[PDB]
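**Q** Residue numbers (the authors' numbering), protein chains in the order written: chain g, 85 to 149; chain F, 116 to 171.
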Amino acid sequence: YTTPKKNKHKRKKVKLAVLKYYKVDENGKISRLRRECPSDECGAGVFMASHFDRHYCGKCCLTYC
Amino acid sequence: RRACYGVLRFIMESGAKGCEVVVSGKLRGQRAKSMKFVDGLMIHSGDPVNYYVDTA
RNA sequence: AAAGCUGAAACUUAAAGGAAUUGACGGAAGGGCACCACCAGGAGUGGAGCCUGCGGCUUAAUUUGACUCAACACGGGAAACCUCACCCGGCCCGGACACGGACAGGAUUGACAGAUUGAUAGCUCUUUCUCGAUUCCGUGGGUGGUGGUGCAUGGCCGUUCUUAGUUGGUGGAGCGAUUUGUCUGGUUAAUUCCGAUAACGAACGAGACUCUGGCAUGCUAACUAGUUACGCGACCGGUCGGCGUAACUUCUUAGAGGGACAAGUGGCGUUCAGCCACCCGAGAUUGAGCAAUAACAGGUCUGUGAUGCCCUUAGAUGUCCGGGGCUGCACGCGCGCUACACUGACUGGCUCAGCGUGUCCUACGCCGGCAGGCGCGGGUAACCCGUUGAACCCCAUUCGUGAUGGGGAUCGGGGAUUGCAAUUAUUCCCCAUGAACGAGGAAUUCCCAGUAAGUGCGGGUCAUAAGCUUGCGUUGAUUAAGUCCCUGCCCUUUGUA
Ligand SMILES: [Zn+2]
């Protein structure tokens, strides 16, 4: 072959990812750090992503600037 | 030999006019051979063959 | 003199040889047979253009099986993608099951954007989101294949081999392989019969048989077939596939049953099997299907969930997606189609089919020169297409022996239909271009009466679709009723190292 080898994409292993979603204060202020997905099924169950310059939902594929 | 002869003896005992049992392939060794065994009467040609002999 | 008589060895070898049995073969003989053989001819093919299938030479690949009959329009093989094996490049697991590790403090799944790519393929990179023990990593073990081997195989299939061939039982003859039966002679398409007879009884093939053509003014029947008659109507007793009732089955469909058996007459035939002629008749040989014993190292693993071994199996020979190729052309062969014209082209008029197919076959109306475009109907079909108004042919017109109004190859423009997609042009239409070809050298194929040949139509392939094959009608001959000369076949004698 001319190419050296084509390697499969391995998912970058992140430890305890849902702790980055909430920021709980001492007296108890449960603030959502990531924005909520405004679509029907996602509502209150799916926390839409926050990229460097955009938002993104992994389920419904909804995007905002 | 014994198996095929067993079938002949039983078919002729049951009351057939005649029987023909053929076994073909690697019977002995690495070369393909055929062994035909015949008894009674057996017709090959014409319309009667259709409705007098049955084959499998 | 030529030579005669007497006469070794070294070395080398598992046979050399004798009689007789089956085959096969013979430029040996005796009978008979076949248009894949000739004779008499018919059409041809081999020469030309073009279509297709093969070799070669090219290429990244031009996937490949098959090479006398028994390969080469064959693989039902008319390949744009698929098909698809081949070449270039890229996704996917659709790696069951088991054992170990991993692991809800998340094994893993999918993906917006930008980059990337031929691709809006989360394929991969950056960046985060999202699914929830279904997976993911190791070993064992599977599962795929149009991967290999038809010379490991099964099944079909072709051929030997379209001729009349083939084999036990008991008896007879040989030490035996083996032979007789299975035959001297007549006779038949026939190992088909008669009759001889160390054989007698049999079995398969042949025949019988089944389907199809040809005859029934007899039989049973019919608004999904027609006739005859009558009524009404249209137009001059006549024409009507103009419509509605009554007798029916001649015509049409198709069940039953009849009919042809060398039966009758005359010859010839050991007055036997049978042969030739003739009367009466629709017919005195219609065309097929089915086809034994014993074999091809015949073809097919690329028909199969028919299959043994072997090769690969996750950067796959699995599977899928984009392209390209199968068609690539200094050449040589094999099936074919159109022609070379005047018995013919062209233009107009006239008038007849049969097989069989339609959930895609199409009538009718409108628009376009045409290919076709719209609209609205019938038919799952003796019901609608359809009375299947088919072509040669028939009757008029123009042409005039000129490579010409023969022939239409090759080439330029346009205009439509399939399809996601038409370029290396899928088919289709229009205008233009107007090559070889003046009947084909050696050679060689097929064929005996509704045959050869001319001529169209339907089926299979089929989204698009016939220069192919498989069927059907239509017009319709010349020559022969023989032979073993060539090429082969069957039986009997012999000869063989
Ligand atoms: Zn969402």
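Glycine included, every Cβ here is placed at the ideal spot set by N, Cα and C.
Taking all protein chains shown into account, decide if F131 of chain g is buried (16 or more other Cβ within 10 angstroms of its Cβ) or exposed.
**A** Result: buried.
**Q** On a Cα-Cα basis, can you pick out the residue from F:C119, F:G144, F:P163, F:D154 that is closest to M127 of chain F?
**A** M127 of chain F has its Cα closest to that of F:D154, out of F:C119, F:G144, F:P163, F:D154.
**Q** How many angstroms separate the CA atom of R138 of chain g from the CA atom of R119 of chain g?
**A** If I take the Cα positions, the gap works out to 11 angstroms.
**Q** What is the DSSP secondary structure of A133 of chain g, reduced to helix, strand or coil?
**A** Of the three classes helix, strand and coil, the one that applies to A133 of chain g here is strand, per DSSP.
**Q** Quick one: give me the first and last residue of the beta strand (DSSP E) that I114 of chain g is part of.
**A** 114-116 is the extent of the beta strand (DSSP E) around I114 of chain g.
**Q** What is the DSSP secondary structure of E110 of chain g, reduced to helix, strand or coil?
**A** Here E110 of chain g sits in coil by DSSP.
**Q** Quick one: Cα of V164 of chain F to Cα of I158 of chain F, how far?
**A** Approximately 6 angstroms, taken between the alpha carbons.
**Q** Mind checking which residues open and close the alpha helix (DSSP H) that includes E128 of chain F?
**A** That run of the alpha helix (DSSP H) goes 117-129.
**Q** Can you tell me where the beta strand (DSSP E) with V153 of chain F in it begins and where it stops?
**A** That run of the beta strand (DSSP E) goes 148-155.
**Q** Would you say the beta carbon of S134 of chain g comes nearer than 7 angstroms to a heavy atom of ligand 1?
**A** No - ligand 1 has no heavy atom lying nearer than 7 angstroms to the Cβ of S134 of chain g.
**Q** Round the Cβ separation of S149 of chain F and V137 of chain F to the nearest angstrom and send it over; I've been treating them as touching at under 8 angstroms.
**A** Sure, about 7 angstroms apart at Cβ, within 8 angstroms.
**Q** With a cut-off of 8 angstroms on the beta carbons, I'd call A133 of chain g and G142 of chain g a contact; round off their distance for me.
**A** Right, their Cβ atoms sit about 7 angstroms apart.
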